[PDB]
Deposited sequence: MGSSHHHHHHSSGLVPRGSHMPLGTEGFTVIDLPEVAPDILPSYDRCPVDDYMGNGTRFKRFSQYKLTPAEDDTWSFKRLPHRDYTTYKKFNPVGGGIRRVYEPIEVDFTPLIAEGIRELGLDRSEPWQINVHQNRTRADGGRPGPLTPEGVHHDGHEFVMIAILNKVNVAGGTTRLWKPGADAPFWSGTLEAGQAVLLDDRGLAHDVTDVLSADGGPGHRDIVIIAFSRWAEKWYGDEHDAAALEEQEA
């Protein structure tokens, strides 16, 4: 519905509050992502457990950073922790989502910089259209210097084309039903052939008990 947190279509775009002065410079100290992006992505990562507390507050706690042939399991990436405070942006997501207070939540925070340059685009979703595997996903654009591209696109499952497309700018975020909608994003491109970058933070919401 039109009054529901994600509107009629399962997503909404919002303006962000001003962020603290140490946040944008911290992107300069994000190490290169060795798992993806051919040297164009730089990333830090932190996770939080979010627990409903006194009144209508949320308590959070930041999470800490085989002898046989396994039959099943997972392979995970290892990234350095985030060094700054994105909990104000988590707070924005909590309000906008009307996050359900009946149980605690896992909050995954990806601080991502993608660099582009002449003849060297910065891929964001080389795998194409996908789900992140969470209930809700928030993508907040914090800084864009000398770039084009980076167009977020939302897809109905099974559809041949996106039903919504938007090139978010610094100061905007999109929040999306990461189950009902899939997504991809067009490459980040150098705006004038010179170096450029696009600084974002992805904040993913899943019920704690569903992942632990």
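Stretches of the deposited sequence left without coordinates are 1-17, 83-88, 236-250, in sequence order.
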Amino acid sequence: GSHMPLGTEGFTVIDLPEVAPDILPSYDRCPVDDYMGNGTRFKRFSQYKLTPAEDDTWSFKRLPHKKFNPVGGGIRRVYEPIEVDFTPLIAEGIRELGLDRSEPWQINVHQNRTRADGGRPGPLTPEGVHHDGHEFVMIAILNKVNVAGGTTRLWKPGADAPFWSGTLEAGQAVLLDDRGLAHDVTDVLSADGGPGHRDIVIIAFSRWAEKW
From here on, numbers count along this sequence of modelled residues.
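The mean Cα B-factor in the deposited entry runs higher for 120-128 than for the other of 120-128 and 79-87. Taking the mean C-alpha B-factor of each stretch as recorded, 95-103 and 136-144 are not equal, and the higher mean is that of 95-103. Within the group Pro157, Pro70, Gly171, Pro31, the record's highest C-alpha temperature factor is found at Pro157. In the deposited entry, the Cα temperature factor of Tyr27 sits in the middle third of values across the chain's modelled residues. When the modelled residues of the chain are ordered by their C-alpha B factor, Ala53 lands in the highest third.
Among the modelled residues of its chain, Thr152 has a C-alpha B-factor that falls in the middle third according to the deposited record.
Annotation for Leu189: C-alpha temperature factor in the highest third relative to the rest of the modelled chain, per the entry. When the CA B factors of the chain's modelled residues are split into thirds, the value for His65 lands in the highest one.
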